[PDB]
Amino acid sequence: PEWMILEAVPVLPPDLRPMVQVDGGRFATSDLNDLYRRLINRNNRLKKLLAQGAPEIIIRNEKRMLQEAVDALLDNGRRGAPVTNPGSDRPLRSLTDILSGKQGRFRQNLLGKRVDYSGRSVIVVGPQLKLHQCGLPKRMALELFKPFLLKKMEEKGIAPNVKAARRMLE
Amino acid sequence: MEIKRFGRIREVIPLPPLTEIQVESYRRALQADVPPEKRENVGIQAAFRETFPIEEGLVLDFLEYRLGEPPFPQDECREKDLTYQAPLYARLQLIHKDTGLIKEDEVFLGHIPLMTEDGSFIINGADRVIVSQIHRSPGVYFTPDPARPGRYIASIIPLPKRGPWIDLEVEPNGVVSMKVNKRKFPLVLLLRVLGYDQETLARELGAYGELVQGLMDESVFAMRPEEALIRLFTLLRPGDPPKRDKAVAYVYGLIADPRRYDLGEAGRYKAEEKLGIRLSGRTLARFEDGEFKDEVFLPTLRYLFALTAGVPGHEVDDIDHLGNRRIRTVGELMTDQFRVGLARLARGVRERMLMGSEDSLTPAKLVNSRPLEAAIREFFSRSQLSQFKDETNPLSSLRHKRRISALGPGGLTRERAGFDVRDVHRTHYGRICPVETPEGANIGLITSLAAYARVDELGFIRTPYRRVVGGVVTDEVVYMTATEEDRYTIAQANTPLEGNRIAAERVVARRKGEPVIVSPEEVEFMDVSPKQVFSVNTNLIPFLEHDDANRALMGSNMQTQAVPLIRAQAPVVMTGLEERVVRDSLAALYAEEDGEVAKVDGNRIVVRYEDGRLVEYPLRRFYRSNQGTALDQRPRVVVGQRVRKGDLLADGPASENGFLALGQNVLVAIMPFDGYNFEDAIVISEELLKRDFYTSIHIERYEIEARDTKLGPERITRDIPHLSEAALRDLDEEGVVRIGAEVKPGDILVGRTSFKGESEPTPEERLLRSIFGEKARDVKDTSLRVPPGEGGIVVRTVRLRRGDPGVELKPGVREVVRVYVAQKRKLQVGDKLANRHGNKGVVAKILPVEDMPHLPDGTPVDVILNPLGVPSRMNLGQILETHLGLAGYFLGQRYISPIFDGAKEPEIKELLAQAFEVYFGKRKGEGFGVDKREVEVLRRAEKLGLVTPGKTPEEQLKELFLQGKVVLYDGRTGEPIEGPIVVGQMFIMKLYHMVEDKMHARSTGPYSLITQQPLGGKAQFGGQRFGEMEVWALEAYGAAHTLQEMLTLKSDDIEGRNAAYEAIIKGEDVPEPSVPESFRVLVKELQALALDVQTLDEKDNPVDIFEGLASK
Amino acid sequence: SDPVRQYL
Amino acid sequence: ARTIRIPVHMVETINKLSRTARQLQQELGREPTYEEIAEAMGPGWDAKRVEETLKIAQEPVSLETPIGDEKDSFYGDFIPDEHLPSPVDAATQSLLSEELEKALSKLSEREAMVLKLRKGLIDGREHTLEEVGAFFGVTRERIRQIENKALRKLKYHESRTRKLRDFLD
Amino acid sequence: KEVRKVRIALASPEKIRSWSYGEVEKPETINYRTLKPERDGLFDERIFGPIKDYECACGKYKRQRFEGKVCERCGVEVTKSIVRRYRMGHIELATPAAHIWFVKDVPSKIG
Amino acid sequence: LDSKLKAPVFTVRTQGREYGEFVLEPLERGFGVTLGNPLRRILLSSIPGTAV
Amino acid sequence: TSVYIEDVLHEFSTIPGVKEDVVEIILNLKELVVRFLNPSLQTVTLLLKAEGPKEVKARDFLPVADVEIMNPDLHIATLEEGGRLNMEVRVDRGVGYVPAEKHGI
Amino acid sequence: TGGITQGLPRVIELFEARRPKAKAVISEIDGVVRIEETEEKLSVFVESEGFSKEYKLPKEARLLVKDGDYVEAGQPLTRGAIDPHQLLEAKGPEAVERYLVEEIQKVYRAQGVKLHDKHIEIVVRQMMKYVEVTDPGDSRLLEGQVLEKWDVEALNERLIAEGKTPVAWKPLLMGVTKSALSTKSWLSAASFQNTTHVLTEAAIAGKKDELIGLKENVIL
DNA sequence: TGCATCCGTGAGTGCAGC
DNA sequence: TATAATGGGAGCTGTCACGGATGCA
Ligand SMILES: [Zn+2]
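Protein chains in written order, with the entry's author numbering: chain A, 509 to 678; chain B, 1 to 56, 63 to 1118; chain C, 78 to 85; chain D, 255 to 423; chain E, 3 to 113; chain F, 2 to 53; chain G, 54 to 158; chain H, 1243 to 1245, 1252 to 1468.
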């Protein structure tokens, strides 16, 4: 039962909460980093306040803030006001948020996914088509079947090799 | 050609300026033309007056403000990605009370966005529109309690972000309760705070027996205004120390403080009219001579009790009534955000006032303009009401500016939205168009301002009517709100008139929306026009009265989506509104005064007026709009031409000689054709492409930056590694593609090289390059290339560099290069066509001319529309339009057929008779009699009862022609269509939905960071989403491997997708799937939640999906 | 409920 | 206060730059250029220094930043992963290795092995001449010579079959 | 072995520490000038693994066939960078803190 | 602009004296029905025969 | 089949002193009817040189041997004082409808 | 306009096994109908040989009963939709299955949608999937403990084979949502809805997902 | 013990979206 | 590193129905 209390708060692998340089050289990062930073700041300040023999009101405040920090990290907005970034009303996205909802991990990335070898376009009536057939635009097909097309281009004299065929279709 | 117009109704007044709702609003808000001392207490001046004076002893006060000239013109702002704006200076003075020292200075507060002439804004180079909001007007309302009948709720509502809603309710326990910030407390307490003696409340509320007894509490009257105040403070603020001055502060701020609590001027007026009182200020109470004095509360309580009792002259309120719903226009919204930013600036001011040195403080040192700037910028950028302007065609802009939204800040959310407000209230008549709204989730929430509709100074929509005295209809026009309109009996606009007098024994009118037949003695007012009932868009649909509303909606909405055509034409059948739209939209260029044309050029028109002055008008030429449609003006005049005032100098986009041109007039036959028109699909003639009908110019903008990095600078150059001269063929010396070159997907628009990170050149690659004698370079090819499915002619290049005059970029950027590419788009298969009646379809087939159905004279039809689209849709306007269109084809004329005052069947029949003579008698004179095929078709039609037996072939052909039907020959056979077919001219537009924009395909491409799933969207070269429901489809089919591929091989299984690609290029069958990466992401994200998720075997032994990489 | 209030 | 931590003296410099620019804009009726800020900052400060100082001062943006008026679009959804090799890149490296091994069986065992050692195909490190020479039991001059002839034969065969050309981009 | 069942259960502090490849002692992310990860920070390569394949932070060992090896100078294991999406870190709290899922979820399991 | 192409091959499939199928490809656009309809009209109306 | 105009890089451009834009000029030139006498002749480049003020018609094209314009009154351009137009228009024999996109001449 | 709103409403109500506000009053037992109506108040009694029961309803309610009639247990006394749970306690599971199926089908038929009873039956079957223990017997279960009918039946067959006392249980009807959240597989439930709840209960229980259904296998 | 009542949780899909 | 300074500040209002708890009469 006591495992429902956290002595040691786990830390997600960094690649799952990236710090990434976007196209323009500017940085973009996950909120989980800010949550973790709140957590670590408050924890460290707690250890320093303890080691320095601080009065009870201070330590109490610090502990309360630490619990609320952990709350914000795991489920944000679950208890109390949701933690937001400075100069924004936007709630930070916590692990619970990541998991659940329509935008959550399960529904978005698990029960459904974006896929390769796919395309889309406008539809037009097929009256000359047989029931088992559909008209498929040439270029769409060239892209969708592309690896097969490279292979078949190599099977003939159309290209020396796969890479040559691809550079040719570029 | 001749324009013949129908209808007997003479419109007394023209349409008001259609962009006035934006223009006058913002002008009123800024007061830039008004000298400072003459300014009113409304607008940004109001915000200044509310914020200042700033006290707490230093005092910062506000004298006046001023707006300077814009540092840059609108065009230059569009090109440089700037904001059209004026510098805002404010004259302030710091006064130290004790010292008496006064330091006065004019401080620079930054800039404010200026509205353009057409009622739009330029923000960071892009044109935006602030959309008017609709909301519940502030005031005092009385609504039925949904739970307990016989009891009512009295709600006191201020302006948004102006302080709390206050509810008053009679509780089942008999005592009156007040709700503020979700706190229920006895009202009598606050009544005591206002200093009400039990005797006064008794004599005031005594008329209602049962209720006032429930109002009586002696424990409250045993107190004092101070004690009661502190009691209330303890009730609203648990744990907060009940200091006297703090309680006074809180209650004042909650009720009497004008800066914290504001009913609108409209809220003031409505409260006054409803409660039958007079308000001093805009608050619910005052602080006067040390104590509080009541304003709204007692009258509200009195009215509530009176309504509860059943006392006459007391009714509940219809909150959907357009007397109770007002509009917040650009000026009010912008002013609101201005007020907020100003408040923040004030907070900063008090800060500096406390902290700064007491000997020397200037207003400049006290004021940080930044928060205000931020508030304004935020409003004009990230607000939901600040929208990317729709410039697709001029009507799109004009319509966008006239939009009304129930959404946005202080508005509804689509979840809270429910029927009662998406409904169409009777009071929408003449105010909000019943027709034009989105079909989907926003239906009824996003609406359109009616043509004659106007928003008053209080924010209520008013519609014009005409005074009728003694059955005589005056030319006096009166604009009323819905509340005012409810007081009268208003006759319909089509009531028969001889002179100015109504002649009918019985007239059709409205009384509070209710249709009623009255005698002329009873008519107080009369409508200006049927036009006033609908929007500007809906007013463009001829024969509207013949179209079901549902399709009128579609025609309306779709006209917005019409693409400007190079050959664009005005409709053969117009509504009469086509010119005003062009004029008000500022699309066309017009002559300022009477004069003579000096010079005519593609780029310029120079006019000499009566003043003798030479005025030169530059023409906008092939400019790109927000939607990429080409906006260009062409001269419609010639050298030496005399022009009177308001004459057309030049046609803008979608304008033919000053008439709105949204499409082409094409010759249609309404018949099925070989399944190619099946289910709304449309068949067109290649003849349309031959003569460049439905061809439109589109311009796309590409952009690249070369910036300073830590690995060395990116640079824009013609020197690109591993690239032939064939690829650099069209690149100039600097590396930018040259104007006039043709670009196709894969072509380089701008050459760019970037230094390689540690990409520790794969000692694999070291070997490779050493073998091949070619040394491994340090830079790589980052050049901007034409995306798949795009291309055209390069019409422009813009190059901005650091170190160049007048040019400073964002930090780290060495240079920016833009390339504008134009493309001429012919109509093609899959392009969307539509008429004004809601008939939409995608072009499914383009036949050569010889395959087209044709008239006996050898004339092929342009378009074949399926008749199956008519009956279920019930839009017959297009049929009539076709019939008349036929007449005007042979008579060579165009028509104006006003909505609800129209062309009628008999008139169209006359025109069709004349037209028939033109179409036939010519043949008879040419020495040709009736054709055998015509005889057969006549026999057929005679069996159908279309023509009368015994008449000559000519007589019968005329009989058919009067029905809008003609004999038609199959181009493929030569045998006639067995029945006579409806053929005529129809106005059809090419919509902004074009298959060229929508066609996308991907094998592999970029993947997301965390999920490692394909990116979405064409622009990102993304994969299609296979969602939960698609998965359900595959499950239902029991196709497990197709599904598993979707979930693994084709999306987030790294090893799987790689091995699959390699397998396919090799010719091997695809390898077995592995764990999708996002499941690992799930496991690790659950671990971060301190939950241990373990994949196990049937032995219940752990299985490692991270393959030892996650375990120490 | 409100941490600031509690601390104050 | 910063997700990317900055030293206190540098934060002081940045804030000073801010206040300077704000005063300058307060007297200029517009945002100042880099040059004007550089002037107001004093000696040691040029436009480039102001620009780079403003560059390093830039704070990161949220990946969860909303896009569109709905709740269904994150800013991070538009950001591709440049790290993990694409299926095309992986397959290309695979065909490259397979083709190089072709030419491996080509050159003799010794010269192919010398090349694989010197270029780092074996342990991943690039051996010196003395190491491959002590390994094959010859002089460094000799091992250098057989490396040379190996590379030379590879060059001839490559000119002949044009097989490894397309991998050079 | 083939995956058959999937179990989910509470994680002990001991388990959580067993997961962790290091404790994150500092709020720092990456250095402002270098744009490299900071020691004992949220992005530290010492804890969560190498940013580059088979290459440590200081660059003492750049090659495969140096697997599982840990640099003495920079403390970074040479291995596949993929592990940066796998290996957990941890934060040791001074005061124990309740997991809000087992508190705020009614009826409260702890309660 | 430049257009030069080969004459079509005439293909014949015949079962007895009762029935036959006749294939002509490739033809320029539209010429399928340009040849087909007149022939069908002629074949039905104008072919010499006998009757009671 | 083709049009060259001096100081005009593409179809999307305008010319000083000329009322019609190039798109319109080409639209007018697309109505041009050119008769060839000699059956052996495949192509002709019609040269036009003009300046304003004048209204340039199809008749203004410099005559070529065995070439007759069947519509000399066909409007081409409207030229203004200072307005100068210099064109070379390639006219070919052919059949059916071949779009600019296809022939790329 | 001129001459499936309600439709969708009612269906959802039925598939969620919701107690209607339109609720019809039904007899808990058999008996004979004795109507007693004062002008002010109205009531209907159902009288068996052993004992009688009283139903007090608003005087404006439409009665489906004639005075002195013999009514089956669960038979509607008044008009309106029946509470499926009341019908369950009264007339048993088969009655409820028939009621839900026919009721749902009414709506679809009304709109001219031909749809086979089978599908609705599948869903209803999933709705009846659970039971509530009335007495534990010799088992480890508890009074009021909800579990799968298959599980309690297997348990009771093991107990009967062992010679022990069987578990006394009552049929339980739950709507589609609760039934989906109450399923054995935690991946399915947690990915459905109420993720934190499902996950905490599973984690405390140390739940093992056997990957029986489609959702789980899709997720993996 | 039955019935208010308050709190928490849900509310279609794919396009694009700056 | 020293005049004295001692309890915050922004609220957000037009859903809607259900399951399940909790409390009070
Ligand atoms: Zn190292």
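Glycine included, C-beta positions come from ideal geometry on N, C-alpha and C.
When C-beta distances to chain E are compared with 8 Å, the residues of the region 1451-1467 of chain H below that value are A1451, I1452, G1454, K1455, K1456, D1457, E1458, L1459 and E1464, in chain order. With 16 or more other CB atoms across the displayed protein chains lying within 10 angstroms of its CB, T1101(B) is buried. Here the C-alpha atom of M222(B) lies approximately 8 Å from the C-alpha atom of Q204(B). Under DSSP, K910(B) shares a beta bridge with no residue. The CB of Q312(D) comes closer than 8 Å to the CB of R534 and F535 in chain A, given here in chain order. Flagged as an interface residue toward chain H: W103(E), by a C-beta distance shorter than 8 Å.
Its chain contains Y329 as the residues whose beta carbon lies nearer than 8 Å to that of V315(D), once the 5 sequence neighbours on both sides are disregarded; these appear in chain order.
Here DSSP, grouped into helix, strand and coil, assigns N845(B) to coil.
Look at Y63(E): its beta carbon is less than 7 Å from one of the heavy atoms in ligand 1. For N1404(H) and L618(A), the gap between their C-alpha atoms comes out near 38 Å. In this structure, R75(E) has its CB closer than 7 Å to one or more heavy atoms of ligand 1. Here DSSP, grouped into helix, strand and coil, assigns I93(E) to strand. Remark: the shortest separation between the CB of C83(B) and any heavy atom of ligand 1 does not fall under 7 Å.
Annotation: the continuous alpha helix (DSSP H) that includes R303(D) extends over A301 to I310. Neighbours of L1429(H) in chain E, taken as residues whose beta carbon is under 7 Å from its own, are absent, since the nearest beta carbon is some 14 Å off. Residues of the same chain with a CB within less than 8 Å of the CB of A1025(B), apart from the 5 flanking positions on each side, are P793 in chain order.
Scanning chain D for C-beta atoms nearer than 9 Å to the C-beta of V113(B) yields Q280, reported in chain order.
Partner residues in a beta bridge of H889(B), as assigned by DSSP, do not exist. Counting along the chain, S20(E) sits inside the alpha helix (DSSP H) bounded by residues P15 to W21.
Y71(B) counts as buried, since at least 16 other C-beta atoms from the protein chains shown sit within 10 angstroms of its C-beta. Counting only residues of its own chain and dropping the five nearest sequence neighbours on each side, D1315(H) has a CB closer than 8 Å to the CB of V1281, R1282 and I1283. Remark: C-beta atoms of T19(B) and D124(B) approach each other more closely than 8 Å. In this structure, the straight-line span from the alpha carbon of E551(B) to that of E916(B) is close to 21 Å.
For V24(F), the three-state secondary structure derived from DSSP is strand.
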